[PDB]
Amino acid sequence: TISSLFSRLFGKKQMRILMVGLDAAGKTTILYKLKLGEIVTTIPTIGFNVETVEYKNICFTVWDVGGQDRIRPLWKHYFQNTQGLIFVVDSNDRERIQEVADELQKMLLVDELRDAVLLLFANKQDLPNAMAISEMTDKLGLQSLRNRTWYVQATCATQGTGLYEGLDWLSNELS
Ligand SMILES: Nc1nc2c(ncn2[C@@H]2O[C@H](COP(=O)(O)OP(=O)(O)O)[C@@H](O)[C@H]2O)c(=O)[nH]1
Ligand SMILES: [Mg+2]
């Protein structure tokens with residue numbers, strides 16, 4: 001059923017869906033769940049791993065944010081026709097919740113992405129101390145975003161629950 005979501009978007013115009021987040025958020029797991037094609041890894045620069053899933057019209061692009069230095073945001077290339085922006089958060093890793101707010105804000109300050117629709121996957125809801133989507137919203141202050149269409153979706157990637165729902169939203173926003 002996930003592939004059929006992106007049928008609505010088969011309009012022929014190439015389309016990037018940038019999916020980022022701190023390492024170990026759940027990005028690789030979500031791609032593999034998209035069941036849309038192979039995951040292909042590339043290293044355009046020392047310390048810059050990129051995972052890609054290209055369906056027909058759609059292109060997925062994933063890499064990690066923070067920790068090590070951003071000295072090279074060569075990412076600029078991929079900011080071409082990124083209509084969607086997915087940010088994956090480990091709803092359990094409360095230690096790095098500050099960093100995710102930093103990282104998200106940066107992506108949000110990226111000029112070429114000003115028009116991207118933003119989806120947040122609150123991932124790992126299945127763990128002991130995993131944040132709910134109401135507090136994750138508060139602690140990030142997505143609330144303050146006035147002119148940016150955005151949404152938060154609880155998920156468990158390892159189980160694939162929520163992913164269809166959140167992509168159903170995003171898919172629909174870009175159609
Ligand atoms: N409990 C739980 N674990 C997950 C979930 N999604 C991914 N993981 C695990 O958390 C780790 C995150 O790995 P990965 O998906 O590669 O994150 P990435 O580095 O952003 O690509 C992996 O060991 C996954 O098996 C989830 O929804 N719930
Ligand atoms: Mg990864």
# chains A, B, ... in the order shown; residues from 1 in each chain; ligands from 1
call {"tool": "residues_around", "arguments": {"residues": "residue 103 of chain A", "least_positions_apart": "6", "cutoff": "12 Å", "atoms": "only C-alpha atoms", "output": "PDB file with N, CA, C and O atoms, in the first residue's frame"}}
result
ATOM      1  N   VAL A  20      16.140  13.068   7.036  1.00  0.00           N
ATOM      2  CA  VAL A  20      17.303  13.185   7.912  1.00  0.00           C
ATOM      3  C   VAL A  20      16.960  12.998   9.372  1.00  0.00           C
ATOM      4  O   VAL A  20      15.792  12.953   9.746  1.00  0.00           O
ATOM      5  N   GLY A  21      17.997  12.902  10.191  1.00  0.00           N
ATOM      6  CA  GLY A  21      17.856  12.751  11.631  1.00  0.00           C
ATOM      7  C   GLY A  21      19.195  12.333  12.201  1.00  0.00           C
ATOM      8  O   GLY A  21      20.125  11.994  11.450  1.00  0.00           O
ATOM      9  N   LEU A  22      19.301  12.362  13.529  1.00  0.00           N
ATOM     10  CA  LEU A  22      20.526  11.992  14.206  1.00  0.00           C
ATOM     11  C   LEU A  22      20.808  10.548  13.844  1.00  0.00           C
ATOM     12  O   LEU A  22      19.915   9.847  13.353  1.00  0.00           O
ATOM     13  N   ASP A  23      22.036  10.092  14.051  1.00  0.00           N
ATOM     14  CA  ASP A  23      22.338   8.714  13.717  1.00  0.00           C
ATOM     15  C   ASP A  23      21.496   7.824  14.616  1.00  0.00           C
ATOM     16  O   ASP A  23      21.101   8.243  15.717  1.00  0.00           O
ATOM     17  N   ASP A  64      22.812  11.349   8.086  1.00  0.00           N
ATOM     18  CA  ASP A  64      22.762  11.709   9.495  1.00  0.00           C
ATOM     19  C   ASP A  64      23.079  13.187   9.705  1.00  0.00           C
ATOM     20  O   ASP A  64      23.652  13.830   8.834  1.00  0.00           O
ATOM     21  N   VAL A  65      22.694  13.725  10.856  1.00  0.00           N
ATOM     22  CA  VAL A  65      22.953  15.128  11.160  1.00  0.00           C
ATOM     23  C   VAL A  65      23.558  15.309  12.556  1.00  0.00           C
ATOM     24  O   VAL A  65      23.236  14.562  13.472  1.00  0.00           O
ATOM     25  N   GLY A  66      24.445  16.292  12.695  1.00  0.00           N
ATOM     26  CA  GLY A  66      25.046  16.621  13.982  1.00  0.00           C
ATOM     27  C   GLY A  66      26.276  15.811  14.343  1.00  0.00           C
ATOM     28  O   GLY A  66      26.878  15.171  13.476  1.00  0.00           O
ATOM     29  N   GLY A  67      26.639  15.849  15.630  1.00  0.00           N
ATOM     30  CA  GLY A  67      27.829  15.173  16.172  1.00  0.00           C
ATOM     31  C   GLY A  67      29.116  15.757  15.614  1.00  0.00           C
ATOM     32  O   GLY A  67      29.592  16.810  16.063  1.00  0.00           O
ATOM     33  N   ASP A  69      31.353  17.603  12.591  1.00  0.00           N
ATOM     34  CA  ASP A  69      31.186  18.951  12.012  1.00  0.00           C
ATOM     35  C   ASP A  69      30.411  19.011  10.692  1.00  0.00           C
ATOM     36  O   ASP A  69      30.478  18.092   9.867  1.00  0.00           O
ATOM     37  N   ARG A  70      29.683  20.111  10.506  1.00  0.00           N
ATOM     38  CA  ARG A  70      28.926  20.344   9.278  1.00  0.00           C
ATOM     39  C   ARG A  70      29.764  21.113   8.243  1.00  0.00           C
ATOM     40  O   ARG A  70      29.222  21.604   7.248  1.00  0.00           O
ATOM     41  N   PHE A  87      11.877  14.393   9.011  1.00  0.00           N
ATOM     42  CA  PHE A  87      12.831  14.372  10.100  1.00  0.00           C
ATOM     43  C   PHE A  87      12.506  13.249  11.091  1.00  0.00           C
ATOM     44  O   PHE A  87      11.439  13.243  11.714  1.00  0.00           O
ATOM     45  N   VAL A  88      13.428  12.295  11.214  1.00  0.00           N
ATOM     46  CA  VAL A  88      13.197  11.130  12.058  1.00  0.00           C
ATOM     47  C   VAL A  88      13.853  11.358  13.415  1.00  0.00           C
ATOM     48  O   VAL A  88      15.033  11.698  13.491  1.00  0.00           O
ATOM     49  N   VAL A  89      13.068  11.199  14.477  1.00  0.00           N
ATOM     50  CA  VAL A  89      13.550  11.417  15.839  1.00  0.00           C
ATOM     51  C   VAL A  89      13.385  10.146  16.638  1.00  0.00           C
ATOM     52  O   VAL A  89      12.351   9.481  16.562  1.00  0.00           O
ATOM     53  N   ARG A  96      19.722  13.424  23.670  1.00  0.00           N
ATOM     54  CA  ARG A  96      20.078  14.171  22.479  1.00  0.00           C
ATOM     55  C   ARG A  96      18.921  14.974  21.922  1.00  0.00           C
ATOM     56  O   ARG A  96      19.004  15.449  20.794  1.00  0.00           O
ATOM     57  N   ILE A  97      17.852  15.141  22.697  1.00  0.00           N
ATOM     58  CA  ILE A  97      16.695  15.925  22.234  1.00  0.00           C
ATOM     59  C   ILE A  97      17.042  17.400  21.915  1.00  0.00           C
ATOM     60  O   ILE A  97      16.417  18.018  21.047  1.00  0.00           O
ATOM     61  N   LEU A 109      16.340  26.449   8.554  1.00  0.00           N
ATOM     62  CA  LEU A 109      16.942  27.694   8.087  1.00  0.00           C
ATOM     63  C   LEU A 109      17.533  27.571   6.680  1.00  0.00           C
ATOM     64  O   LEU A 109      17.815  28.593   6.043  1.00  0.00           O
ATOM     65  N   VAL A 110      17.725  26.343   6.190  1.00  0.00           N
ATOM     66  CA  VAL A 110      18.225  26.169   4.827  1.00  0.00           C
ATOM     67  C   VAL A 110      17.226  26.820   3.881  1.00  0.00           C
ATOM     68  O   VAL A 110      16.043  26.442   3.829  1.00  0.00           O
ATOM     69  N   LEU A 140      10.159  20.769  21.148  1.00  0.00           N
ATOM     70  CA  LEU A 140      10.795  21.243  19.916  1.00  0.00           C
ATOM     71  C   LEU A 140      10.251  22.601  19.473  1.00  0.00           C
ATOM     72  O   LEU A 140      10.910  23.328  18.743  1.00  0.00           O
TER      73      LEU A 140
END
call {"tool": "closest_atom_pairs", "arguments": {"of": "chain A", "to": "ligand 2", "cutoff": "10 Å", "atoms": "only C-alpha atoms and all ligand atoms", "output": "JSON lines"}}
result
{"residue": "A:20", "atom": "CA", "partner": "ligand 2", "partner_atom_place_in_ligand_line": "1 (Mg)", "distance": 9.2}
{"residue": "A:21", "atom": "CA", "partner": "ligand 2", "partner_atom_place_in_ligand_line": "1 (Mg)", "distance": 9.1}
{"residue": "A:22", "atom": "CA", "partner": "ligand 2", "partner_atom_place_in_ligand_line": "1 (Mg)", "distance": 9.0}
{"residue": "A:23", "atom": "CA", "partner": "ligand 2", "partner_atom_place_in_ligand_line": "1 (Mg)", "distance": 6.4}
{"residue": "A:24", "atom": "CA", "partner": "ligand 2", "partner_atom_place_in_ligand_line": "1 (Mg)", "distance": 6.5}
{"residue": "A:25", "atom": "CA", "partner": "ligand 2", "partner_atom_place_in_ligand_line": "1 (Mg)", "distance": 8.1}
{"residue": "A:26", "atom": "CA", "partner": "ligand 2", "partner_atom_place_in_ligand_line": "1 (Mg)", "distance": 7.3}
{"residue": "A:27", "atom": "CA", "partner": "ligand 2", "partner_atom_place_in_ligand_line": "1 (Mg)", "distance": 5.6}
{"residue": "A:28", "atom": "CA", "partner": "ligand 2", "partner_atom_place_in_ligand_line": "1 (Mg)", "distance": 4.8}
{"residue": "A:29", "atom": "CA", "partner": "ligand 2", "partner_atom_place_in_ligand_line": "1 (Mg)", "distance": 8.1}
{"residue": "A:30", "atom": "CA", "partner": "ligand 2", "partner_atom_place_in_ligand_line": "1 (Mg)", "distance": 9.8}
{"residue": "A:31", "atom": "CA", "partner": "ligand 2", "partner_atom_place_in_ligand_line": "1 (Mg)", "distance": 9.5}
{"residue": "A:41", "atom": "CA", "partner": "ligand 2", "partner_atom_place_in_ligand_line": "1 (Mg)", "distance": 9.3}
{"residue": "A:49", "atom": "CA", "partner": "ligand 2", "partner_atom_place_in_ligand_line": "1 (Mg)", "distance": 7.9}
{"residue": "A:50", "atom": "CA", "partner": "ligand 2", "partner_atom_place_in_ligand_line": "1 (Mg)", "distance": 8.1}
{"residue": "A:51", "atom": "CA", "partner": "ligand 2", "partner_atom_place_in_ligand_line": "1 (Mg)", "distance": 7.1}
{"residue": "A:62", "atom": "CA", "partner": "ligand 2", "partner_atom_place_in_ligand_line": "1 (Mg)", "distance": 7.2}
{"residue": "A:63", "atom": "CA", "partner": "ligand 2", "partner_atom_place_in_ligand_line": "1 (Mg)", "distance": 6.3}
{"residue": "A:64", "atom": "CA", "partner": "ligand 2", "partner_atom_place_in_ligand_line": "1 (Mg)", "distance": 6.7}
call {"tool": "residues_around", "arguments": {"residues": "segment 162-168 of chain A", "least_positions_apart": "4", "cutoff": "8 Å", "atoms": "only C-alpha atoms", "output": "MDAnalysis selection string"}}
result
chainID A and resid 1:2 5 30 119 121 152:157 172
call {"tool": "closest_residue", "arguments": {"among": "A:148, A:124, A:33, A:139", "to": "ligand 1", "atoms": "only C-alpha atoms and all ligand atoms"}}
result
A:124
call {"tool": "residues_around", "arguments": {"residues": "residue 8 of chain A", "least_positions_apart": "4", "cutoff": "12 Å", "atoms": "only C-alpha atoms", "output": "ChimeraX atom specification"}}
result
/A:2-4,12,57-58,167-175
call {"tool": "closest_residue", "arguments": {"among": "A:102, A:32, A:75, A:111", "to": "ligand 1", "atoms": "only C-alpha atoms and all ligand atoms"}}
result
A:32
call {"tool": "select_by_dssp", "arguments": {"residues": "segment 4-159 of chain A", "states": "strand (DSSP E)", "output": "number ranges by chain"}}
result
A: 15-21, 40-45, 48-54, 58-64, 82-90, 117-123, 150-154
call {"tool": "select_by_dssp", "arguments": {"residues": "segment 69-133 of chain A", "states": "helix (DSSP H, G or I)", "output": "NGL selection string"}}
result
:A and (74-79 or 94-109 or 111-113 or 133)
call {"tool": "residues_around", "arguments": {"residues": "residue 54 of chain A", "least_positions_apart": "6", "cutoff": "12 Å", "atoms": "only C-alpha atoms", "output": "PyMOL selection string"}}
result
chain A and resi 3+6+14-18+31-32+34-41+60-62
call {"tool": "closest_residue", "arguments": {"among": "A:105, A:129, A:83, A:147", "to": "ligand 1", "atoms": "only C-alpha atoms and all ligand atoms"}}
result
A:129
call {"tool": "closest_residue", "arguments": {"among": "A:7, A:126, A:46, A:117", "to": "ligand 1", "atoms": "only C-alpha atoms and all ligand atoms"}}
result
A:126
call {"tool": "decode", "arguments": {"residues": "segment 70-114 of chain A", "atoms": "N, CA and C atoms", "output": "short mmCIF file (atom, residue, chain, number, x, y, z; two decimals), in the first residue's frame"}}
result
data_model
loop_
_atom_site.label_atom_id
_atom_site.label_comp_id
_atom_site.auth_asym_id
_atom_site.auth_seq_id
_atom_site.Cartn_x
_atom_site.Cartn_y
_atom_site.Cartn_z
N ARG A 70 29.68 20.11 10.51
CA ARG A 70 28.93 20.34 9.28
C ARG A 70 29.76 21.11 8.24
N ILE A 71 31.08 21.18 8.47
CA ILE A 71 32.03 21.94 7.62
C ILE A 71 31.70 21.86 6.11
N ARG A 72 31.16 20.73 5.67
CA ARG A 72 30.71 20.60 4.30
C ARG A 72 29.21 20.30 4.17
N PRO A 73 28.37 21.36 4.01
CA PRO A 73 26.98 21.11 3.65
C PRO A 73 26.84 21.03 2.12
N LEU A 74 27.66 20.17 1.51
CA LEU A 74 27.62 19.89 0.07
C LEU A 74 26.24 19.34 -0.32
N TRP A 75 25.42 19.11 0.70
CA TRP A 75 24.05 18.64 0.56
C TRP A 75 23.28 19.49 -0.45
N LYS A 76 23.74 20.73 -0.62
CA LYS A 76 23.18 21.72 -1.55
C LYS A 76 22.64 21.14 -2.87
N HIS A 77 23.40 20.23 -3.48
CA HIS A 77 22.96 19.47 -4.65
C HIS A 77 21.55 18.93 -4.45
N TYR A 78 21.36 18.16 -3.38
CA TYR A 78 20.11 17.44 -3.15
C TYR A 78 18.95 18.38 -2.83
N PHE A 79 19.27 19.60 -2.42
CA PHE A 79 18.26 20.63 -2.15
C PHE A 79 17.59 21.13 -3.46
N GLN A 80 17.80 20.38 -4.55
CA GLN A 80 17.30 20.73 -5.88
C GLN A 80 15.79 20.88 -5.93
N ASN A 81 15.11 19.75 -5.93
CA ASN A 81 13.65 19.68 -6.01
C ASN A 81 13.11 18.85 -4.85
N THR A 82 13.61 19.17 -3.66
CA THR A 82 13.15 18.53 -2.45
C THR A 82 11.83 19.17 -2.11
N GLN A 83 10.74 18.44 -2.31
CA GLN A 83 9.41 18.95 -1.99
C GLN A 83 9.05 18.56 -0.57
N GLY A 84 9.47 17.35 -0.19
CA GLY A 84 9.26 16.85 1.16
C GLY A 84 10.53 16.85 1.98
N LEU A 85 10.36 16.95 3.30
CA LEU A 85 11.45 16.89 4.24
C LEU A 85 10.94 16.09 5.40
N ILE A 86 11.55 14.93 5.62
CA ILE A 86 11.17 14.07 6.74
C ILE A 86 12.26 14.14 7.77
N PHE A 87 11.88 14.39 9.01
CA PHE A 87 12.83 14.37 10.10
C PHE A 87 12.51 13.25 11.09
N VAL A 88 13.43 12.30 11.21
CA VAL A 88 13.20 11.13 12.06
C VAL A 88 13.85 11.36 13.41
N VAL A 89 13.07 11.20 14.48
CA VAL A 89 13.55 11.42 15.84
C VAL A 89 13.38 10.15 16.64
N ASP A 90 14.41 9.82 17.41
CA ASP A 90 14.36 8.74 18.38
C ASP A 90 13.67 9.24 19.64
N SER A 91 12.36 8.98 19.74
CA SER A 91 11.50 9.51 20.83
C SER A 91 11.93 9.05 22.23
N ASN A 92 12.89 8.12 22.27
CA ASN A 92 13.44 7.65 23.51
C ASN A 92 14.70 8.40 23.92
N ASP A 93 15.62 8.64 22.98
CA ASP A 93 16.89 9.33 23.24
C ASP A 93 16.71 10.77 23.76
N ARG A 94 16.28 10.89 25.01
CA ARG A 94 15.98 12.19 25.62
C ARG A 94 17.25 13.00 25.86
N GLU A 95 18.39 12.30 25.91
CA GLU A 95 19.69 12.94 26.05
C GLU A 95 20.05 13.86 24.88
N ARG A 96 19.72 13.42 23.67
CA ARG A 96 20.08 14.17 22.48
C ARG A 96 18.92 14.97 21.92
N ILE A 97 17.85 15.14 22.70
CA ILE A 97 16.70 15.93 22.23
C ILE A 97 17.04 17.40 21.91
N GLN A 98 18.04 17.95 22.61
CA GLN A 98 18.55 19.29 22.33
C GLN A 98 19.17 19.34 20.93
N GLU A 99 20.02 18.36 20.64
CA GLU A 99 20.67 18.28 19.35
C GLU A 99 19.66 18.14 18.20
N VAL A 100 18.58 17.39 18.41
CA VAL A 100 17.59 17.24 17.34
C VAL A 100 16.92 18.58 17.05
N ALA A 101 16.71 19.38 18.10
CA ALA A 101 16.12 20.70 17.94
C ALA A 101 17.06 21.61 17.19
N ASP A 102 18.36 21.50 17.49
CA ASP A 102 19.39 22.22 16.76
C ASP A 102 19.37 21.83 15.29
N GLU A 103 19.45 20.52 15.04
CA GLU A 103 19.55 19.99 13.70
C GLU A 103 18.34 20.31 12.84
N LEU A 104 17.15 20.14 13.41
CA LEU A 104 15.92 20.49 12.72
C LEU A 104 15.91 21.97 12.32
N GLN A 105 16.25 22.83 13.27
CA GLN A 105 16.26 24.26 13.02
C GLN A 105 17.17 24.61 11.85
N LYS A 106 18.34 23.97 11.78
CA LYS A 106 19.28 24.19 10.68
C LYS A 106 18.64 23.86 9.33
N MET A 107 18.13 22.62 9.21
CA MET A 107 17.39 22.21 8.03
C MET A 107 16.31 23.24 7.70
N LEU A 108 15.64 23.72 8.73
CA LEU A 108 14.59 24.73 8.56
C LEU A 108 15.11 26.11 8.17
N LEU A 109 16.34 26.45 8.55
CA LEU A 109 16.94 27.69 8.09
C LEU A 109 17.53 27.57 6.68
N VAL A 110 17.73 26.34 6.19
CA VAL A 110 18.23 26.17 4.83
C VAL A 110 17.23 26.82 3.88
N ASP A 111 17.72 27.82 3.16
CA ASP A 111 16.90 28.66 2.30
C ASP A 111 16.18 27.88 1.20
N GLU A 112 16.91 27.09 0.43
CA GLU A 112 16.32 26.33 -0.69
C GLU A 112 15.21 25.37 -0.26
N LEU A 113 15.05 25.17 1.04
CA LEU A 113 14.07 24.21 1.52
C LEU A 113 12.84 24.87 2.10
N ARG A 114 12.78 26.20 1.99
CA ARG A 114 11.72 27.00 2.57
C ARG A 114 10.31 26.54 2.21
#
